[PDB]
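Chain order of the listed sequences is A and B.
Numbering of the first sequence is given in PDB author numbering, commencing with residue 1 and proceeding in unit increments.
Numbering of the second sequence is given in PDB author numbering, commencing with residue 201 and proceeding in unit increments.
Built from N, CA and C at the ideal position, the CB exists for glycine as well.
Structure, as structure tokens:
Number of protein chains: 2
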Amino acid sequence: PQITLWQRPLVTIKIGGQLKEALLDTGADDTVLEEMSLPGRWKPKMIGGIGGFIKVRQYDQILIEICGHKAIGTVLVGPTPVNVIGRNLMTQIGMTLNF
Amino acid sequence: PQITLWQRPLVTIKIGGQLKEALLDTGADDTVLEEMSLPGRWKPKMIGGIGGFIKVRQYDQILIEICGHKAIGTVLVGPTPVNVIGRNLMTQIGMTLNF
Ligand SMILES: COc1ccc(S(=O)(=O)N(CC(C)C)C[C@@H](O)[C@H](Cc2ccccc2)NC(=O)O[C@H]2CO[C@H]3OCC[C@H]32)cc1
């Protein structure tokens, strides 16, 4: 389907048994979510955007479910003010920008 | 045209008669550009990014061409890692997310 940009493109994802609302963000290289517990090992990382950098924990090979599609990708967990689904995951569901 | 998300959706924009590279950002409500000169008066605006809030200069009804398409709207100037084209301008050029 087609998703208009008149409003923030929000979606609900399924990750680690939890349901979280997130923003389909083409400007985000990776998916970034607010603090939560995830299984597996992680690496510390610093990501920057408007307002500066925040420290996050990088988890790779995490199973996520969006709109019925089951995809695997990297999830950065940290003090982000808003949950965003990055390009890392959007490519997996075949999402593109069109005009 | 269709833009996949394997790489950053960087495009060429024209503003003030100059060509610049900008990122198509669906997670951004507004368009935020790196320091540059724009005509007329500006108003203050407080925007919150991943790293916190910053003060930017708001210029309205500015002509800006994105991927060859003519737009006339609000452009915010301030400290940002890269020129960001937000939903305010993407809607003007008929851009949408598809999958
Ligand atoms: C490595 O992985 C990364 C993932 C995400 C980011 S990032 O979040 O700083 N970024 C990147 C953008 C600022 C270049 C995504 C932007 O779309 C970012 C996502 C976001 C963060 C906090 C609150 C709302 C929206 N949007 C953003 O800064 O938008 C600015 C400009 O328009 C306004 O909309 C609300 C916030 C304002 C950085 C790195």
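Quick one: does residue i have its CB under 8 Å from some CB of chain B?
i: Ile15 (chain A); result: no
i: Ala28 (chain A); result: yes
i: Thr96 (chain A); result: yes
i: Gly52 (chain A); result: yes
i: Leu5 (chain A); result: yes
At a Cβ threshold of 8 Å, is residue i touching chain A?
i: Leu223 (chain B); result: yes
i: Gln202 (chain B); result: yes
i: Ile264 (chain B); result: no
i: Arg257 (chain B); result: no
i: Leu233 (chain B); result: no
i: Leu210 (chain B); result: no
Where DSSP assigns a beta bridge to residue i, which residues make up the other side?
i: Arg257 (chain B); result: B:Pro244, B:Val277
i: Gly252 (chain B); result: B:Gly249
i: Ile72 (chain A); result: A:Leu63
i: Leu233 (chain B); result: B:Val277
i: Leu297 (chain B); result: A:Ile3, A:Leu97
i: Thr226 (chain B); result: Answer is none; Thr226 (chain B) lacks a bridge partner.
i: residue 103 (chain A); result: In the structure as shown, chain A begins at 1 and stops at 99. Residue 103 (chain A) is therefore absent and cannot be evaluated.
i: residue 113 (chain A); result: Lying outside 1 to 99, the shown extent of chain A, residue 113 (chain A) is not represented and no answer is given.
- Task: Identify each residue in the segment 73-85 of chain A for which the Cβ-Cβ distance to at least one residue of chain B is less than 7 Å, and report them in chain order.
- Result: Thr80, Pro81, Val84
- Using a Cβ cut-off of 8 Å, which residues of the segment 35-50 of chain A contact any Cβ in chain B, in chain order? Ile47, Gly48, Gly49, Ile50
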